[PDB]
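# Breakdown of the fold
Chain by chain, the residues:
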Amino acid sequence: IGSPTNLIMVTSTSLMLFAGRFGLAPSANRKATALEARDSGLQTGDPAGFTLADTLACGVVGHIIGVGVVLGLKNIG
Amino acid sequence: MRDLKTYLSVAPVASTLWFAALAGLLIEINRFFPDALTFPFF
Amino acid sequence: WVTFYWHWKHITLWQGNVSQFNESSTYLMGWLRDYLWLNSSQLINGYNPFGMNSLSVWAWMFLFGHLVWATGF
Amino acid sequence: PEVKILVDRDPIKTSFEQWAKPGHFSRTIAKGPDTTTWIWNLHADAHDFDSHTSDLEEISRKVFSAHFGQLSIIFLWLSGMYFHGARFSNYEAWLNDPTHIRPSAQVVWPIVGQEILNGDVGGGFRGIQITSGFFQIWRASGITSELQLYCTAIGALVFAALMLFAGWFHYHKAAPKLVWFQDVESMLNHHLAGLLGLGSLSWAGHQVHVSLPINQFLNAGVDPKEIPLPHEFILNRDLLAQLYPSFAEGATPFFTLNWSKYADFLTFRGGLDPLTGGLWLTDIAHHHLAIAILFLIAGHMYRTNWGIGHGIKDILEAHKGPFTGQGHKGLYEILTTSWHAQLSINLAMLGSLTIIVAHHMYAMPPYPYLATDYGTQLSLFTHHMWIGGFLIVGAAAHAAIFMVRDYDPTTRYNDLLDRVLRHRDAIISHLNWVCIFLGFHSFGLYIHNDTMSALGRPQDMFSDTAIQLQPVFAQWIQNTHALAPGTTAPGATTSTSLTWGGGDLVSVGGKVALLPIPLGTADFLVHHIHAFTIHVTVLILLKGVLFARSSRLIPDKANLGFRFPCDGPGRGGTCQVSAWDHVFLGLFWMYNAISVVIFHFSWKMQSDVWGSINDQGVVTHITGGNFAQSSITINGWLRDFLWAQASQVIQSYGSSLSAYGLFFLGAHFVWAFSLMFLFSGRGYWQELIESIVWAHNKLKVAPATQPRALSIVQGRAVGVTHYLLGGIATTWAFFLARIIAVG
Amino acid sequence: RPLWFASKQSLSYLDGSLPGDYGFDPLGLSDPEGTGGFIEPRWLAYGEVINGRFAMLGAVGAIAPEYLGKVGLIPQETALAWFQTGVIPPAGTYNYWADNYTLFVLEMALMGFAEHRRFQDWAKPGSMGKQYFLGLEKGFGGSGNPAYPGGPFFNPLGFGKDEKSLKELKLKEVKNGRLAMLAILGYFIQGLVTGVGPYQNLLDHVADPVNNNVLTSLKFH
Amino acid sequence: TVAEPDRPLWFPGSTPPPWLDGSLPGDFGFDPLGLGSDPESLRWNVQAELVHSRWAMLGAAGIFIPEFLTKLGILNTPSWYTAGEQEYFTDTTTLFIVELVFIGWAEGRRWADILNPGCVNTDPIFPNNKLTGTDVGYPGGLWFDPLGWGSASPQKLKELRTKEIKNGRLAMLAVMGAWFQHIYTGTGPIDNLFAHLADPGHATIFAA
Ligand code: CLA
Ligand code: CLA
Ligand SMILES: CC(/C=C/C=C(C)/C=C/[C@@]12O[C@]1(C)C[C@@H](O)CC2(C)C)=C\C=C\C=C(C)\C=C\C=C(C)\C=C\[C@@]12O[C@]1(C)C[C@@H](O)CC2(C)C
Ligand SMILES: CC1=C[C@H](O)CC(C)(C)[C@H]1/C=C/C(C)=C/C=C/C(C)=C/C=C/C=C(C)/C=C/C=C(C)/C=C/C1=C(C)C[C@H](O)CC1(C)C
Ligand SMILES: CC1=C(/C=C/C(C)=C\C=C\C(C)=C\C=C\C=C(C)\C=C/C=C(C)/C=C/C2=C(C)CCCC2(C)C)C(C)(C)CCC1
Ligand code: SF4
Ligand SMILES: [Ca+2]
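What counts as what
Here every chain is numbered from 1 following its written sequence, which may not line up with the entry's numbers; residues without coordinates are dropped from view. By the order in which they are written, chains take letters starting at A while ligands take numbers starting at 1. Readers should keep in mind that the chains presented make up only part of a larger assembly and that every value pertains to that part. To obtain the side-chain values, all non-hydrogen atoms of the structure were included, while hydrogens and water were left out. Residues with missing side-chain atoms are left out of burial classes, side-chain pairs and their counts. UniProt positions are given in the numbering used here, feature names are shortened, and annotations may be inferred rather than shown by experiment. Under the DSSP-based scheme used, a helix requires at least four consecutive residues in state H or I and a strand at least two consecutive residues in state E, with every element numbered from the N terminus. C-alpha atoms define the radius of gyration in this analysis, and the globule rule sets the expected value at 2.2 Å times the number of residues to the power 0.38. When accessible area is computed with a 1.4 Å probe and restricted to protein chains, residues below 20% of their type maximum are described as buried, those above 50% as exposed, and intermediate ones as partly exposed. We call two residues contacting when some pair of their heavy atoms lies within 4.5 Å. Only the protein chains shown count as cover for residues, and the accessible areas themselves come from Shrake-Rupley with a 1.4 Å probe. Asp and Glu count as negative and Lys and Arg as positive, but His and the ends of the chain are not part of the count. Every charge is mapped to an atom, namely NZ of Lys, CZ of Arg, CG of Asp or CD of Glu. A side-chain nitrogen of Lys or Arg and a carboxyl oxygen of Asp or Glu constitute a salt bridge if their distance falls within 4 Å. Only the contacting stretch of a helix is used when fitting its axis, a line to C-alpha atoms as for every element, and angles between N-to-C directions run 0 to 180 degrees. The labels follow the angle: roughly parallel below 35 degrees, roughly antiparallel above 145, roughly perpendicular from 65 to 115, and oblique for the rest. Handedness of each helix crossing follows the sense of rotation of the near helix against the far helix: counterclockwise by less than a right angle gives left-handed, clockwise gives right-handed. Under this grouping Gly is polar, as are all residues other than the nonpolar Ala, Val, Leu, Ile, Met, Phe, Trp, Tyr, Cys and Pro and the charged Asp, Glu, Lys and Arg. Strand pairing is defined by DSSP finding a minimum of two bridges between the two strands. Accessible area, probed at 1.4 Å, shrinks when two parts are joined; the buried area is that loss added up over both. By the criterion applied in these results, polar contacts are pairs of N or O atoms within 3.5 Å in which, for protein atoms, one can donate a hydrogen and the other can accept it, and in which residues neighboring in sequence qualify only through two side-chain atoms. In these notes, residues near a molecule or strand are those with any non-hydrogen atom within 4 Å of it. Whether a set of points on the 1 Å grid over the protein atoms alone is a cavity depends on a 1.4 Å probe fitting there but being unable to get out, while an open set qualifies as a pocket with protein on both sides within 12 Å along at least five of seven lines; lining residues are those with an atom within 4 Å of a point. Grid points are joined across faces, edges and corners, and a volume is the space filled by probe spheres set on the points.

By the method listed in its record, X-ray crystallography, this PDB entry was determined to a resolution of 2.600 Å.

In UniProt, chain F has this text filed under Subcellular location (unreviewed entry): "Plastid, Chloroplast thylakoid membrane". Under the UniProt heading Sequence similarities (unreviewed entry), the note attached to chain F is "Belongs to the light-harvesting chlorophyll a/b-binding (LHC) protein family."

Going by the PDB entry, chain A carries the name Photosystem I reaction center subunit X psaK and comes from Pisum sativum. Per its UniProt entry, chain A bears the Subcellular location (unreviewed entry) comment "Plastid, Chloroplast thylakoid membrane". In its Sequence similarities (unreviewed entry) section, the UniProt record describing chain A reads: "Belongs to the PsaG/PsaK family."

Listed below in structure tokens is the structure:
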């Protein structure tokens with residue numbers, strides 16, 4: 001650890017991971033319009049259809065939110 | 001091989017070879033006999 | 001070509017500078033630089049940001065022709 | 001719907017058999033010539049693939065391999081430039097003393113007298129001064145020795161070989177399937193994130209590890225041979241740390257989001273480095289990093305094999321409204337079917353881009369010692385303007401080829417296109433009107449000023465001293481840019497460009513680099529000239545596209561093709577109704593527009609920008625600030641621009657610039673030569689040729705390939721080609737002699 | 001049939017018959033639909049095998065002289081890291097009986113013969129046991145399977161005489177190779193960031209696992 | 001004149017081109033660019049390879065043997081590379097014109113033989129002399145085959161002609177070898193040989 005940046009990074013990260021994980025985020029098996037269900041064809045041991053492609057996606061999104069927020073927190077106060 | 005010699009006989013290629021030879025010749029002649037408004041040997 | 005020839009030979013004769021034609025008429029840059037370019041000097045200044053003179057009617061007309069000619073294209 | 005690698009093996013056999021059969025691609029041309037017209041058609045149809053075959057897969061394979069051929073040629077050309085930089089350049093001497101030495105990368109042989117073109121460029125070097133700009137690039141890249149240029153030339157040659165090989169490979173061995181090409185989401189995802197993103201990131205890497213430090217030692221006056229090699233900055237981080245201390249951290253601030261600590265070599269200062277007159281390399285590396293992130297993000301927008309992301313067809317179809325009907329419905333099918341459509345959009349955007357580049361490179365000189373090298377700057381701006389304009393006229397040509405060849409409402413319909421076609425008369429009539437209004441109220445103002453000045457009424461002119469037409473809007477804009485740093489861009493230290501912000505004149509070697517560019521009635525009038533010329537070009541080309549199918553004069557025009565001379569003397573006469581002839585006509589107007597643009601650039605930059613500066617700071621501009629009072633009149637353009645600034649090129653004989661005098665006259669010659677073709681017609685020429693042919697048969701020397709006058713269309717194409725070459729090369733010689741002598 | 005990150009594409013062709021099959025091709029590289037050069041699934045299997053074997057040899061020989069140099073009978077003049085061997089001159093060099101370039105020409109000659117003939121068994125099986133090669137031809141006729149030619153030279157002891165043991169040993173060779181490739185990759189990245197050699201790096205992690213070069217991310221030669 | 005289908009090829013496993021059936025001496029199936037693809041050009045190039053081979057064997061002798069002996073305490077002969085600059089009993093140009101005349105005669109008659117086989121076998125002065133060869137490139141006769149080793153059975157002539165062509169290929173490579181060596185190194189070829197024999201691991205291409 002060694003910073004409050006860790007808290008915001010695991011915050012935005014784990015929050016987006018949780019979003020894409022169960023529901024209320026366009027997962028690989030959930031296509032959005034303006035969240036319809038669809039098949040990726042890519043199997044996953046996780047029973048809820050949360051795949052590896054969506055794992056990488058939600059992680060990177062949690063890092064975009066997290067780095068943007070921490071740089072918005074440090075460059076303000 | 002026969003087809004390649006045929007291609008090398010085609011108008012533009014034969015023209016580049018021919019005029020390239022002619023250019024090298026005229027260049028070298030003007031290199032050993034530069035300037036010259038006249039035929040000096042009479 | 002005829003009139004360029006006549007006018008340049010005479011305009012050099014009238015200036016006592018016949019040599020300028022004799023040496024400069026053997027290459028085309030000589031015609032472009034020492035006839036047209038050189039003798040446009042007073043013409044194109046017939047009017048300018050600093051005033052006018054009697055040559056303005058010839059400056060104007062000079063462009064008029066340039067325009068009409070180009071319109072023809 | 002599962003994106004994947006798809007090719008076919010050995011579609012076309014590698015053989016010289018069809019090398020020996022001219023016109024093999026065409027069933028008619030392959031029969032060989034009965035007349036000389038054959039010889040021209042063979043060359044006009046060589047790259048018209050969709051006329052050779054109707055199979056989209058074959059066409060796509062030809063296109064792909066052809067692109068490989070192009071890239072091979074480009075790499076061979078870059079290999080040439082770097083090799084000449086290593087072997088026939090004064091680049092090291094210039095690298096020592098840039099503000100004095102003139103860059104020269106070509107040396108001529110002493111054969112016929114031409115060695116005079118090897119002029120004194122400094123550094124004990126005789127040669128031709130180059131205006132391409134490679135010295136400023138190589139310096140900005142940290143390149144010091146000729147050896148590094150050798151290595152780059154060898155790598156470039158190798159890549160030429162690789163590209164050529166891949167062309168042969170993907171046409172003759174592994175040729176992609178049609179579905180492979182049509183995977184548009186995959187292609188856009190890989191060009192956004194893979195090509196542009198990883199390219200920009202890689203370049204940021206080279207800059208932070210090579211360009212920034214080596215340029216620090218160059219700017220600190222260190223001798224280039226004494227500068228550490230670029231990899232010594234990668235090995236011993238103490239060299240960089242001495243130059244840039246942040247490198248002592250070990251990229252830990254990057255992962256810990258302490259990125260502000262990198263403000264050392266990643267900066268948002270803006271403006272120009274006053275030593276080099278180019279943009280801050282810290283700002284540039286930071287820039288390439290940001291761009292890299294943006295494109296790497298943009299490359300995940302489109303769905304491929306994992307369900308996340310967008311289908312482009314979905315996006316198109318959702319966009320429709322009460323004015324446009326079902327619009328955008330059908331465009332995915334058109335843009336994945338017609339090559340000419342894609343080439344049309346890409347030519348439009350790539351040319352427009354090239355023009356934007358032309359502006360941004362002068363107003364924000366990106367390389368060191370580039371701004372003060374006026375020959376290189378004028379050459380670059382003019383060059384990229386020409387490329388842009390040509391590319392845009394091409395975009396019109398291929399929009400027209402789409403309309404004639406690939407448009408089919410019974411199969412691939414689009415509502416927007418149909419509606420446009422359904423009020424083409426309104427569109428073209430209104431564009432026509434705007435063009436007339438702009439002609440009068442831009443050029444007619446010039447005629448007003450010439451007439452008032454000739455009559456001795458300068459107070460009745462349109463001038464900053466008489467009837468002022470101030471560009472109030474643009475002035476307000478550049479003021480807002482001047483005020484931006486610290487206010488609406490608190491991170492920006494200085495103005496975005498020195499053309500905006502008042503003061504902060506930048507001078508290098510006594511010559512100015514950039515200062516605030518004034519704007520007045522002269523600039524107003526010229527800008528409306530640019531508006532006018534662009535609108536007329538758009539009129540000709542757009543009219544060509546929208547009436548390519550049909551018109552009230554010719555209802556079946558699309559059946560006559562994209563490129564045809566006419567439909568005869570009837571209906572009053574129908575010459576030049578083809579969309580091709582609209583491209584022909586639009587080329588002249590692109591020439592007109594771009595010509596006035598580059599004249600405006602040279603005139604304005606020499607009058608109000610470029611010049612020398614005193615030790616006490618008194619600036620003398622190359623021309624005496626005479627733009628404001630002399631450009632507002634056509635006579636002023638004839639006299640104070642053309643007649644004045646042509647003295648160098650007509651006085652170049654006997655110097656190393658005499659080649660520009662020769663090209664001046666020769667380009668005049670080919671331009672006048674074009675008028676023979678543009679003003680006449682092939683019937684006269686064919687009759688004359690009948691008499692000449694008689695003379696040959698008299699002596700048993702008439703050829704079997706019967707001589708024919710050029711086609712009507714070829715007459716036009718020859719004509720416009722020589723017109724453009726002559727005019728453009730004339731301005732070329734004029735510009736280069738002028739700015740090399742007085743710059 | 002344990003499956004790892006399979007897809008409908010992958011299971012469409014990955015049949016389980018290929019040694020080491022876990023049905024894993026998320027990019028569909030072994031998809032048999034489009035097949036040209038080097039995207040043939042057979043070629044990718046033979047390639048995984050060859051890369052795997054070479055990677056076994058390299059994974060061993062890269063860390064061996066360093067370890068033996070720690071405590072062993074090897075002279076410390078010759079006991080180096082894999083990257084300081086003279087492979088990468090800026091990382092380090094050693095003066096052998098040759099100039100390292102003559103060594104390279106030599107090795108490209110020997111590997112020239114071995115690899116060229118190997119390929120000829122791939123392109124025309126059994127063609128390397130026909131033309132006169134000063135004998136040796138018989139073992140160069142191959143088994144009809146390029147990755148597994150066997151014969152007297154390459155399989156003298158004939159392990160896996162039954163298909164079951166040969167298939168298990170093939171699964172073993174595949175997983176061994178997949179492990180060794182990741183190994184030599186690890187040598188690359190470790191020696192890149194750490195710079196002390198792979199085994200010395202591991203030891204930096206042994207007495208102090210709290211070292212953990214991940215968070216450090218520092219690099220020196 | 002004997003097809004040889006299973007002959008050892010240059011590229012084991014590869015298929016020989018159809019215009020190389022093994023009948024020619026020295027046929028290892030090597031013509032990847034199809035330079036002898038048509039029969040006419042293969043005929044011509046067979047004569048070419050033969051003449052190049054013989055000239056290159058004489059040249060390999062003239063370089064390597066005198067350089068080797070003069071390297072010892074036997075001869076004083078100068079370096080083959082610089083032997084042209086030497087001053088002989090007359091100027092080299094007139095020697096060269098002599099050479100062009102006589103060699104021009106020989107090459108001219110060989111030329112007439114290639115273009116019109118057999119038409120050139122008679123002495124234009126003493127007709128009873130004549131030449132025995134029936135194959136182009138192997139003229140025979142008392143002058144060119146006095147020991148008669150050239151007129152023999154097939155398979156023997158194929159063995160010997162194969163020997164000639166392989167020796168000649170080696171000699172071509174060797175002559176150009178001493179050339180590029182003397183340009184690259186600064187000595188004669190025998191010094192390259194000895195310098196390499198002393199330290200073959202180092203004294204190579206890469207000692208410079
Ligand atoms: C990150 C992957 C990637 C990259 C970097 C590129 C890069 C490029 N593509 Mg490609 N393409 C890709 C994936 C990619 N493509 C995909 C997924 C598709 C859809 C299936 C396409 C289909 C496509 C078509 C149809 C065409 C291109 C073209 C081009 C060239 C455009 C001109 C240019 O910018 O020159 C800049 C030059 C360089 C950056 C030099 C570097 C180029 C290196 C050598 C290639 C690196 C990427 C390459 C694909 C790696 C594969 C090699 C391997 C299989 C042996 C360019 C080099 C055009 C082309 O083929 O031009 C010949 C073109 O017609 N692309
Ligand atoms: C200098 C030569 C010249 C001139 C004057 C023009 C003029 C014009 N062209 Mg043309 N063109 C030219 C060269 C020229 N062209 C050439 C060489 C080509 C071959 C490539 C073309 C091909 C071409 C095409 C394909 C098109 C045009 C179009 C136009 C019109 C543009 C609209 C406009 O500006 O209206 C205003 C008029 C002017 C700016 C001319 C000057 C007006 C003066 C200053 C006003 C004086 C009025 C005064 C009261 C006169 C009364 C006096 C009394 C005694 C009668 C315009 C009238 C476009 C068009 O049709 O229009 C939309 C069109 O599509 N041109
Ligand atoms: C190497 C050479 C030719 C090489 C050709 C090659 C590899 C071509 C191969 C291929 O084309 C094929 C076949 C088939 C294609 O599908 C593929 C490729 C791969 C393209 C000729 C040498 C030919 C070499 C010759 C002929 C040398 C003759 C020497 C003479 C005459 C004597 C010279 C001297 O006299 C001097 C001048 C001075 C004296 O002091 C010394 C001496 C040496 C005595
Ligand atoms: C499959 C796939 C498909 C899907 O779809 C997707 C994905 C997943 C992406 C994919 C991919 C994956 C991966 C990762 C791969 C990788 C591989 C590798 C790594 C290899 C190596 C491999 C490797 C290798 C061979 C290596 C080898 C090595 C060696 C020999 C070494 C050597 C050496 C030694 C000893 C010592 C010295 O001193 C040095 C040297 C000289 C150096
Ligand atoms: C299975 C399991 C589980 C779960 C787990 C989890 C929850 C996971 C996850 C997750 C994760 C672990 C995530 C993370 C991630 C990351 C990522 C995905 C990355 C990213 C990246 C990138 C690419 C970045 C980029 C960037 C940005 C953002 C911007 C700027 C620049 C940079 C570069 C920085 C449990 C426990 C239940 C049980 C057991 C096992
Ligand atoms: S003059 Fe020529 S272009 Fe005009 S209608 Fe007649 S044939 Fe057609
Ligand atoms: Ca495939």
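Now that the structure has been shown, we can carry on.
To continue, consider the overall build of chain A. What chain A contains, in helices and strands, is two helices and two strands. Walking chain A from its N terminus toward its C terminus, one meets helices and strands in the order α-β-β-α. Here chain A has a C-alpha radius of gyration of 14 Å; the compact-globule value for 77 residues is 11 Å, and the former is much larger. Taking the principal axes of the C-alpha coordinates as reference, chain A spans close to 45 × 30 × 15 Å.

Time to look at the overall build of chain F. The helix and strand inventory of chain F stands at five helices and zero strands. Counting from the amino terminus, chain F carries its helices and strands in the arrangement α-α-α-α-α. Against the globule reference of 17 Å for 208 residues, chain F gives a C-alpha radius of gyration of 21 Å, more extended than a compact globule. The dimensions of chain F, computed from C-alpha atoms along their principal axes, are 55 × 50 × 30 Å. The proportion of buried residues among the 208 residues of chain F is 23%. For chain F, restricting intrachain contacts to residue pairs at least 6 apart in sequence, the fraction spanning at least 24 positions comes to 42%. Surface exposure of chain F reaches about 14,300 Å², of which carbon and sulfur atoms provide 67%. Between the mean site of the 13 positive side-chain charges and the mean site of the 22 negative ones, chain F shows a separation of 8 Å.

Moving on to the pattern of salt bridges. Following the criterion strictly, the structure yields 36 salt bridges over all chains and no others. A salt bridge links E28 of chain B to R31 of chain B; its shortest N-O distance comes to 2.5 Å. With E28 of chain B and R31 of chain B both in helix α2 (residues 11-32) and three residues apart, the pair spans about one turn of that helix. Owing to a relative accessible area of 33%, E28 of chain B belongs among the partly exposed residues under this scheme. Accessibility expressed as a relative area gives 52% for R31 of chain B, which makes it exposed. As a salt-bridge pair, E17 of chain D and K21 of chain D come within 3.3 Å of each other at their nearest N and O atoms. A residue is classified by how much of its surface remains accessible, and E17 of chain D, at 40% relative accessible area, is partly exposed. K21 of chain D gets classed as partly exposed once you look at its relative accessible area, which sits at 44%. The network of salt bridges with common partners includes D8, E57, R61 and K177 of chain D.

A word on the packing of helix α1 (residues 39-71) of chain F against helix α4 (residues 156-184) of chain F. Residue and element names in this part refer to chain F. Their axes nearest at 7 Å, the elements α1 and α4 cross at an angle of 55 degrees. By the angle between their directions, the pair α1 and α4 is classed as oblique. When the axes of α1 and α4 are compared, the crossing they make is left-handed. Here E49, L50, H52, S53, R54, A56, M57, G59, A60, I63 and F64 of α1 lie close against α4, whose contacting residues are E164, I165, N167, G168, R169, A171, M172, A174, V175 and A178. Taken together, the residues of the contact of α1 with α4 sort by class into twelve nonpolar, five polar and four charged.

So, on to the pairing of strand β4 (residues 126-129) of chain D. Successive side chains on a regular strand alternate, one facing one side of the sheet and the next facing the other. Residues and elements named next belong to chain D. In this structure, strand β2 (residues 104-106) lies alongside β4, joined through two bridges in antiparallel fashion. Bridging across to β4, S104 finds its partner in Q129. Across two bridges, the pairing between strand β3 (residues 119-120) and β4 is antiparallel. Bridge pairing in β4 places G119 opposite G127.

Residues and elements named next belong to chain E. A positive phi angle is found at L136, which is not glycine, with a value near 65 degrees. Following the sequence through the fold, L136 ends up in the loop between α3 (101-123) and α4 (151-154). For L136, a relative accessible area of 41% gives the class partly exposed. Positive phi, close to 50 degrees, is recorded for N212, a residue that is not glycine.

Attention shifts here to the interface of chain A and chain E. Opposite the four residues of chain A that make contact, chain E presents six residues. When chain A packs against chain E, close to 470 Å² is buried across both sides, 62% of that on carbon and sulfur atoms. Taken together, the links from chain A to chain E amount to zero salt bridges. Inspection of the chain A/chain E interface yields two residue pairs in polar contact. A breakdown of the residues in the side of chain A that touches chain E according to their chemical character gives two nonpolar, two polar and no charged.

This brings us to the sheet that holds β2 of chain D. Across the sheet, which stays open at both edges, the three strands sit in the order β2-β4-β3 (chain D) with antiparallel pairing between neighbours. Each of the sheet's edge strands pairs with one partner strand only, and the pair in question is β2 and β3 of chain D.

Before going further, it helps to spend a moment on the site of ligand 2. Around ligand 2, a shell composed of 18 residues is seen, among which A70 and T71 of chain C together with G439, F532 and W589 of chain D lie nearest. Flanking ligand 2 are residues from chains C and D. Separating a nitrogen atom of ligand 2 from a side-chain N or O atom of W589 of chain D is a distance of 3.3 Å. Of all elements in the fold, only α5 (56-72) of chain C together with α18 (424-454), α20 (521-546) and α21 (579-608) of chain D reach the threshold of two or more residues within the shell around ligand 2. Sorting elements by how many residues they give to the shell around ligand 2 places α18 of chain D first, with seven residues.

Residue and element names in this part refer to chain D. In this structure, the largest cavity spans a volume of roughly 60 Å³. In this structure, the largest cavity is lined by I334, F402, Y407, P409, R412, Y413, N414, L417, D418 and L421. Here the lining of the largest cavity takes three residues from helix α17 (residues 415-422), the largest share from any one element. Among the residues forming the lining of the largest cavity, the class breakdown is seven nonpolar, one polar and two charged.

A few words now on the site of ligand 3. Residue and element names in this part refer to chain F. Around ligand 3 sit 16 residues, and of these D31, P32, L33, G59 and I63 come closest. Take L33: an N or O atom from its main chain is 2.9 Å from an oxygen atom of ligand 3. Contact with the protein chains hides 53% of the accessible area of ligand 3, taken as 1,000 Å² for the molecule alone. Counting residues per element, the ones that place at least two in the shell around ligand 3 are α1 and α4. The dominant element in the shell around ligand 3, judged by the number of residues it contributes, is α1, at six residues. For the shell around ligand 3, the per-class residue count stands at twelve nonpolar, three polar and one charged.

Our next topic: the packing of α21 of chain D against helix α27 (residues 712-742) of chain D. Residue and element names in this part refer to chain D. In the contact formed by α21 and α27, the axes pass within 10 Å of each other and the chain directions differ by 10 degrees. It follows that α21 is roughly parallel to α27 by the angle criterion. Tallied by class, the residues present in the contact of α21 with α27 amount to 18 nonpolar, four polar and three charged.

A few words now on the environment of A25 of chain A. The topology assignment puts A25 of chain A in the loop between α1 (5-21) and β1 (30-31). Excluding its chain neighbours within four sequence positions, the residues that come into contact with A25 of chain A are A19, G20, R30 and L35 of chain A.

Quick look at the interface of chain C and chain D now. Every contact between the two is made by 22 residues of chain C and, on the other side, 26 residues of chain D. Summing the contributions of chain C and of chain D, the shared interface buries around 2,100 Å²; its carbon and sulfur component is 75%. Taken together, the links from chain C to chain D amount to zero salt bridges. In this assembly, chain C and chain D are joined by nine residue pairs in polar contact. Sorting the residues of the side of chain C that touches chain D by element identifies α3 (28-39), α4 (41-44), β1 (47-48) and α5 of chain C as the ones contributing at least two each. In terms of residues, the side of chain C that touches chain D owes the most to one element, α5 of chain C, which gives seven residues. Grouping the constituent residues of the side of chain C that touches chain D by class yields 16 nonpolar, five polar and one charged.

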